[PDB]
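Down below is the structure, laid out as structure tokens.
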Amino acid sequence: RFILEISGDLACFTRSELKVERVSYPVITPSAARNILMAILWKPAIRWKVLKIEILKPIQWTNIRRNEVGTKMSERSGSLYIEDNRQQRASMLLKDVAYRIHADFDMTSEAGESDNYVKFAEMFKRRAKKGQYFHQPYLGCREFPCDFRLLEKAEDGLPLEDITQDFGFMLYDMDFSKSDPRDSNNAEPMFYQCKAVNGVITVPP
DNA sequence: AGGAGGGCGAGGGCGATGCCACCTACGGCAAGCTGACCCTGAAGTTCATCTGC
């Protein structure tokens, strides 16, 4: 288990419902929490698994309308001209977040030869303490960086001390099981937070 | 010639240096306008275009 300690000035774990008008999930999504732990280290042998988020700064919001673009980019049309494809996505962002994601991982079917769980474990451990990553972890949106740390047990004060808000059914981790290589056909599994007692435990599927 | 050229101690004492009121009146402190254009939508289909046949 790794008690990595994602933190950042802003964060947007955009609720699936309020995607066009981004309203962040009140805490780190276990998908966004996990994909962060793939940004620091991943390989198609490691399969990350968030075991317990722990909120470390209170759920505080700042709305940010960004002139986002409306349409994907495409081989077909060789430019956007944003002023033609403009959209103004509001973003109820999570200001001053922090999350100590108690996450571990497993070995996939394609673990390869060097399937050593300890190898990837210490690889990620060195990456996180050193600060290395494949990708500066995205707090839900890459516009938001995860000023992370690989805590050992506990090195920050979690604010939802007494029993606190149950954020309801949050996106857990989009189901890339039916997908071929590179996540084509997925689905969304979702979870009762369970509550936020003081740091939400997640459910392994 | 050799003189002596003041010695003394007073040089204010007393009180008053203001009294009276007034220190503003009047009214106005805004008028008139604008405070935004423009777009950017969901949802769906069409339509032009592409790939494959």
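At the far end of the first sequence sits residue 190, using my numbering, and the numbering has no gaps. From the three backbone atoms N, C-alpha and C, an ideal C-beta is built for every residue, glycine too.
Just to confirm my understanding: we take residue i, look at its own chain, exclude 5 residues before and 5 after, and list those with CB closer than 6 Å. What are they?
i           : result
residue -13 : 88
residue 170 : 163 and 164
residue -7  : 82, 124, 129, 130, 131 and 132
residue 66  : none
residue 0   : 8 and 10
Does the beta-carbon of residue i have 16 or more other beta-carbons within 10 angstroms, so that it is buried, or is it exposed?
i           : result
residue 25  : buried
residue 31  : buried
residue 39  : buried
residue 93  : exposed
residue 95  : exposed
residue 155 : buried
residue 84  : buried
residue 42  : buried
residue 204 : Look at the range of the chain in this structure, -14 to 190, and you will see that residue 204 is not part of it.
residue 184 : buried
residue 127 : exposed
residue 59  : exposed
Looking only at its own chain, which residues have a Cβ that is under 8 Å from the Cβ of residue i, when we skip the five neighbours before and after it?
i           : result
residue 78  : -5, -4, -3, 7, 9, 46, 47, 48, 49 and 129
residue 153 : 177 and 178
residue 55  : 70, 71 and 72
residue 5   : 72 and 74
Is residue i helix, strand or coil by DSSP?
i           : result
residue 32  : strand
residue 22  : helix
residue 130 : strand
residue 1   : coil
I'd like the list of long-range same chain contacts for residue i, defined as Cβ closer than 7 Å, with 5 residues on each side in sequence excluded.
i           : result
residue 158 : 15, 16, 19 and 174
residue 91  : 32 and 34
residue 109 : -13, 25 and 26
residue 112 : 25, 26 and 118
I'd like the ranges of any alpha helix (DSSP H) spanning at least 4 consecutive residues and lying wholly in the stretch 58 to 115.
Segments of the alpha helix (DSSP H) lying fully in the stretch 58 to 115: 102 to 115.
Uninterrupted beta strand (DSSP E) stretches inside the stretch 136 to 185 (no shorter than 3 residues)
Positions of the beta strand (DSSP E) runs, each at least 3 residues long and wholly inside the stretch 136 to 185, are given as 154 to 156 and 175 to 177 in order along the chain.
Should the stretch 14 to 24 be regarded as contacting the stretch 107 to 123, the criterion being three or more beta carbon pairs within less than 8 Å?
Output reads yes: the stretch 107 to 123 touches the stretch 14 to 24.
Is the stretch 132 to 140 in contact with the stretch 106 to 118, if contact means three or more CB pairs nearer than 8 Å?
Enough Cβ pairs lie closer than 8 Å, so yes.
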